[PDB]
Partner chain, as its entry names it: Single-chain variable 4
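This document starts with one chain, in the form deposited without the partner chain, laid out as structure tokens.
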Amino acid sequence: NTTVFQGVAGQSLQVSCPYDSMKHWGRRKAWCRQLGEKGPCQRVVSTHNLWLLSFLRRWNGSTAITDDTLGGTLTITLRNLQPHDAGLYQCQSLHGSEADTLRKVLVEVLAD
């Protein structure tokens, strides 16, 4: 059961990944995109490298990430949604070599 997010193309879309603020305390977060089914997942952007500053927005081009570590809500903004921006993404909580999956989403688009 993934979840879906619909966006009008040319205007911005926000996705929210809720999580347990305590379970993932001190953990960096990342937003990545999927290719085909089984893999790979490729990192688009991660929250600030210093956890106390993860409330700072981070950008990879048109994609922004911000983390509310106290309330436990990660928020990704796809500014100016595009057709090619559509696809299957996930939010990740990182620890050591591994990453755990916080939420799994599709993005949809409509022109005009």
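Numbering follows the first chain given and starts at 1.
Exercise for the section: Compare the mean C-alpha B-factor of 94 to 102 with that of 21 to 29 as given in the PDB entry, and name the stretch with the higher value. Expected result: The entry gives the higher C-alpha B-factor average to 94 to 102.
Exercise for the section: Output the stretch having the higher mean C-alpha B factor in the entry; the candidates are 69 to 77 and 82 to 90. Expected result: According to the PDB entry, the answer is 82 to 90.
Exercise for the section: Can you work out whether the C-alpha temperature factor of residue 35 puts it in the lowest, middle or highest third of the chain? Expected result: Highest third - that is where residue 35 ends up once the chain's C-alpha B-factors are sorted.
Practice task
Looking at the entry's B-factor column for C-alpha atoms only, identify whether residue 56 ranks in the lowest, middle or highest third of its chain.
Solution key: Lowest third - that is where residue 56 ends up once the chain's C-alpha B-factors are sorted.
Practice task
Compare the C-alpha B factor of residue 64 with those of the other modelled residues in its chain, then answer lowest, middle or highest third.
Solution key: It belongs to the lowest third of the chain when residues are ordered by C-alpha B-factor.
Problem - Third of the chain, ranked by Cα B-factor, where residue 45 sits - result: For residue 45, the deposited C-alpha B-factor lands in the middle third.
Keep in mind the form deposited with the partner chain bound is missing from the figure; the text below concerns it.
Problem - One stretch from 80 to 88, 22 to 30, 65 to 73, 51 to 59 that, in the deposited bound form, holds residues within 4.5 Å of the partner chain by heavy atom - result: Of the stretches listed, the one contacting the partner is 80 to 88.
Exercise for the section: Could you confirm whether residue 9 comes within 4.5 Å of the partner chain in the deposited bound form, counting heavy atoms only? Expected result: Taking the distances in the deposited bound form, the answer for residue 9 is yes, it comes within 4.5 Å of the partner chain.
Handout entry: the partner chain contact at residue 34 in the deposited bound form, heavy atom, 4.5 Å
Key = Although the partner chain is absent here, residue 34 would touch it in the deposited bound form, with heavy atoms inside 4.5 Å.
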